[PDB]
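So the structure is just underneath, and the comments pick up after that.
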Amino acid sequence: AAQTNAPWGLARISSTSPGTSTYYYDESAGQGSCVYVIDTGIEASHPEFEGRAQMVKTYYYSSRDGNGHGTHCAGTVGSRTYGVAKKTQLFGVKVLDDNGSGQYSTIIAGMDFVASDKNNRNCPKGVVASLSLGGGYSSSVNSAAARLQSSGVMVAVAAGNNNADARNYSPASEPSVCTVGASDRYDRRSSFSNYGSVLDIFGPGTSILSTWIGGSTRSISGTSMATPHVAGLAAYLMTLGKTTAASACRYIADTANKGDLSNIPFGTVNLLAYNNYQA
Ligand SMILES: [Ca+2]
Ligand SMILES: [Hg+2]
Ligand SMILES: [Hg+2]
């Protein structure tokens, strides 16, 4: 399949070169997979989700996304126009309030929720979770992310937006999950992107167009935007049978565009997520 005039990040993920605008992908499009978006929620009624999104959990007075961030991230995973895996099922877990804030205890509860909740969902091709959140180093937060991964969910987490070594942030610093840095449309490391040995992969993170609340759309930036490109890619590859939850991060790194990004600090991987799709 070919989607012309796609957001640059989608085009980038299916290209050996920057500077193109068509997204190419196998028509299976993540059908039969599921992606949890652990964030401020998802506006499931957005036309872009086509009935494939639902809220499954909140820790607040409402499950509505009153911020937009979670809706944007979900859009990059699986909206019809702005998404990587255009046929995946999307499940929203609201661990962040409408200010985008969440106590670590609530975030941890949300991760453990997903590890169990996948047993209540139909995801024959596999399960992914996108965590576009983070804070300072916490062994408890890392351990929760590790449990989620161990349970059979491909966990993708934001590296963080501090232009610093991600070793000092959680869940970014957890070795067993997929830690995602951000790049821009000219294949430069995004200026805010964290880096370091704990990163596994980069994805498009600067000036990313996606869904927003009130049935709208918005371009924003962050490692929070790169993460769902990787999460959607994992779901897409799992539907194709190319990899599994336990191996998807490694597979994505194995098959990435290599050595093509600029301003990658010495010691950080130079790997950009790539679907290796041949139309
Ligand atoms: Ca990993
Ligand atoms: Hg967002
Ligand atoms: Hg995004």
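Numbers in chain A come straight from Swiss-Prot, and the residues shown are 106-384, in order.
Every residue, even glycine, has its Cβ placed from backbone N, Cα and C.
Per Swiss-Prot, the feature domain 'Peptidase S8' maps to 112-384.
For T121 (Ca(2+) 2 binding site), the same-chain residues 6+ apart in sequence whose C-beta sits under 8 angstroms from its C-beta are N362, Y379. The annotation Ca(2+) 2 binding site is assigned in Swiss-Prot to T121, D365.
Taking all protein chains in view, 27 other C-beta atoms sit within 10 angstroms of the C-beta of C139 (disulfide bond). Residues annotated as disulfide bond in Swiss-Prot: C139-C228 (among others).
The C-beta environment of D144 (active site, charge relay system), restricted to residues of the same chain at least 6 apart in sequence and closer than 8 Å, consists of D170, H174, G175, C178, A179, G197, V198, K199, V200, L201, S235, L236, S237, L238. Per Swiss-Prot, the feature active site, charge relay system maps to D144 (among others); the stated evidence is sequence analysis.
The active site, charge relay system annotation in Swiss-Prot covers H174 (among others) and is backed by sequence analysis.
Sequence annotations record features per position, and here Swiss-Prot assigns Ca(2+) 1 binding site to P280, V282, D305. Look at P280 (Ca(2+) 1 binding site): DSSP puts it in coil.
As annotated by Swiss-Prot, disulfide bond applies to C283-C354 (among others). The local packing around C283 (disulfide bond), expressed as other Cβ atoms within 10 Å of its Cβ over all shown chains, amounts to 27.
Secondary structure from DSSP puts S329 (active site, charge relay system) in a helix. Look at Swiss-Prot and you will find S329 (among others) tagged as active site, charge relay system, backed by sequence analysis.
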Inset, instruction - List those of the recorded positions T121, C139, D144, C283, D305, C354 whose Cβ lies under 6 Å from any atom of ligand 1, in sequence order, or write none if there are none. - result: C283, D305, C354
Legend entry - Candidates near ligand 2 among the recorded positions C139, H174, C283, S329, judged by a Cβ under 6 angstroms: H174, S329
Legend entry - Same chain, 6+ residues apart, C-beta under 8 Å of the C-beta of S329 (active site, charge relay system), given in sequence order: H174, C178, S237, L238, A263, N266, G310
Legend entry - Distance from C139 (disulfide bond) back to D305 (Ca(2+) 1 binding site), taken between C-alpha atoms, in Å: 22
Legend entry - Cβ within 8 Å of the mean position of the Cβ atoms of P280, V282, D305: remaining residues of the chain near Ca(2+) 1: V262, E279, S281, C283, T284, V303, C354
